[PDB]
Every structure is written in C-alpha cells, then in structure tokens.
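One chain is shown next in structure tokens, namely the form deposited in one PDB entry.
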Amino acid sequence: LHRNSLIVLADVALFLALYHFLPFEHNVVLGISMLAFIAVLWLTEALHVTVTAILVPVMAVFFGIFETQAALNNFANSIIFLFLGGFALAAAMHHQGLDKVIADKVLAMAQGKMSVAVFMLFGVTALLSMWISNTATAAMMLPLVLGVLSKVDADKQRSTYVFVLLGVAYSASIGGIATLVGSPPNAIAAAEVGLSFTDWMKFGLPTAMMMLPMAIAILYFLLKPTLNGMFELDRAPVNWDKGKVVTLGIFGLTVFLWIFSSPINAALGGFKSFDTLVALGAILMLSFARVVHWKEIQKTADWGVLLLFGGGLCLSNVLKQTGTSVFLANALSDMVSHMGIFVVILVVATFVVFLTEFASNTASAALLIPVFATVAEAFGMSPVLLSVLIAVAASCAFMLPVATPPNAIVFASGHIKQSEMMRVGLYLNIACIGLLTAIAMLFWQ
C-alpha cells in the first residue's frame, strides 16, 4: 500500500523481467539483473541503505555466486574496522567534551566580530568534520550557529543569516573529503582499491584545502551583508578537565601514527593493514586510559554504515565473479576509445556531482565505486583514480536538501528558501566539476 513497497515490488518485477529477457550467457544476466535491482534499492532507498546491503550476500548466496561464509567474510574487511576506530575516536572526544572546547577556544579567538565569527565557524565545522562525521558535525554545529546569529537577529535581514547557515552545511561536507575517516564514500573507495589512511589524505586534503575557500567565495559573492554586527559570547566558558588532554593525547598519537604509517610500519617489519591496527589500537588506548566507556562507542558507532561497507564489497565481487565487470567493459569499449581521458573523467565527475543531489552521499558511492573500479580493472587500468574521484564527487551535495542530511539540517531551520540553496548549489556543482576534473588531470603523472 505504501510508496516504497511499490518501488520494491516494481524492482522485483524489473529483476524478474531482466532475468527472463536479457539475451546473454547466464552469469552476465544474473549479474546485470542484480546490479540493476540493488542500484534501484540504494538510489530510491525504498529499503534502508543497510537492509539493501544485507540483501546483497543473501542474493549472492542463494543464486550460487558465492558460499554463505565467503559472501559474509566481505563484512570483516579491515577498512570496516579502521572506520570503527573512527567512531570510537569520535565517541571519546564528544563524551569528553573536547569538541566543545575546540569550538569555544577558536570561537572566542574572535573578540566579538561577526566578520571573523562566521569565518571561524566554517573553519571549525570543517576541522571538526575531518574526524567526526558529516551529519554529526552539522547537528552539533546548528545551535552554535543560531547562538551567534542572534545579535543580527533581524530575519528580515535574512542574507546575513543564510550565508552563515548554508556555509556550515557545506563546510561539513567539504571537511569530510579531508581524510579516510570522515564520510563513508571515502572509506568505500579505500576498501575497493586498498588505500592507506595517508593515501586518501594525499588526494583528499588538498581538495578540501581548495574547495572550502571556493565554496565560501561563491556563497559570499551572492547576497552577503555580514561585514556588520557584534557578538554575544553567551554560555559557561570551557576548561581542560580530567585529561581532555589525554583524549587529545591519544587522538594526536593516533593521527600521528596514521600519517607516518608508511615508515613506521616499514620499520616495524611491515604488518598488513597497519592503519586498521592503529585504529584498533586507539579503541584500546582510549579504554585502558579509561577516557571513554564502551556503551558510548556503541551509541556513536553507525553499525548500519559498517554493514553497508561489507554489502558493497560483496557486490563488487558479485560483479567480477559473474563477469558483469568484463561484459560492461566490452560494451563500453568503443564509447571509451572514442572518448578522451579528459572527456571520460569530465563525464564521470559531472554524473556523480549531479546524481548525489538526488540521493544519499554514501548510497551513491555504494553503487558507483564498485561498478566503476571493477570495469576500470577490466580495462586493465588502476581502479584508484576513478574510485577516489567518485568518492569525492559523491560528497559534493550542494543543491537541494535530501541530498545530504547536513543540507536538510540547516533547512529545517525554517528560514532558508528552496530556490535559494538550489542556485548556489547549481553554481558550486559546476565550480566543483571544474576543480575535480582539474585535480584529477593533475594527479595523473
């Protein structure tokens, strides 16, 4: 009777149709029919992102692509644990309140000026985003933004207080593109192509360094009258208590090891997924140093996302095993030989950046990273470039809400108009496709 039940029923019909009607070697039919089925369920989200992910192995297994255990093992991938370390590391510094002190210390650095208030709000949202989440950093930033935007309270004076809202909304998404922990797409890319933490930062951080100014400049050069106003630093001041220095200590050490992982691991005998070990080490150091309880990490952890990771890897393998990867590569062979490498990555970049407006960031990467990376491998090229590209591009949701929760969070603020965001985003999207295709061209040789 419901909308989504129909989407699902329609999808079941679509599969049954594709299955009985496509004219290929049986494996390819099955692979294509599945790829289509899942593609729908993740882009529509008729079933939860995670329920769909659990559906992948169960299909794989029932259609004899893999054996139950083999399909399930997909879920214990090392990256999934590296991401659990991220959740624990965040769990700690939220419950400890280290996210509050980093907000005040940097926010009070601005003596009482609105010019250097919001400009220090975007820098904090993005910095906090690098390690925490996008949705978490958005909902955590909202009261701190509405707090500041209460002196220039006149909401007939909207564009002073819309530049500041939509600013952090993007700063949370752009801050996600900094490191391997931060947003699921990045992790999906890492798991698909086997990136180290320090590998995804070599790509991502320079892009966030570039993108955040470019995003503010575009929001700025629309309707900003913010060079005026005063502050209201209203609430109890913060102070480093029982080892917020310790949480910072562990965090710092953890980040240090993640960066210097290459020479540390190499000069240790070369352990296998050193970054995942570091991440698990953090979960231990944080528990031995008593700084955060487990129930805290179990609440903070988005296990739904952790299951999505495995389900998407399961899919990636379903594509190889059924040969659907090679079949598509054969089909696209003429199209891609006629297209220049510029043309291809411009088309890829454009596609995602606009697709990601219609569906979840991760849900988009969950679908696209496998399809592309595997087809890339069928062409005998390194699946890294396309994957990292899609990873970044999926986190470029700037037009409407529903694109990302961070958009729908500053939107429920019953103030910003649908039309307004839709056109700053339309600009920033094109602006991004430039920067990405640009940087993607640069990181070639």
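Note that residue numbering begins at 1 and tracks the sequence as displayed. For clarity, a rigid core is taken as the largest C-alpha set superposing within 1.5 Å between two forms.
Keep in mind the form deposited in another entry is missing from the figure; the text below concerns it.
Large C-alpha shift between the shown form and the other one, rigid core held fixed: of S171, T137, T356, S325, this applies to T356 alone, with a displacement of 2 Å or more.
The Cα shift for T160 between the shown form and the other one, taken after rigid core superposition, is 2 angstroms or larger.
In the other entry, the Cα-Cα separation between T356 and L400 shrinks by 3 Å or more relative to the displayed conformation.
Distance between the C-alpha atoms of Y161 and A408: shorter in the other entry than here (change of 3 Å or more).
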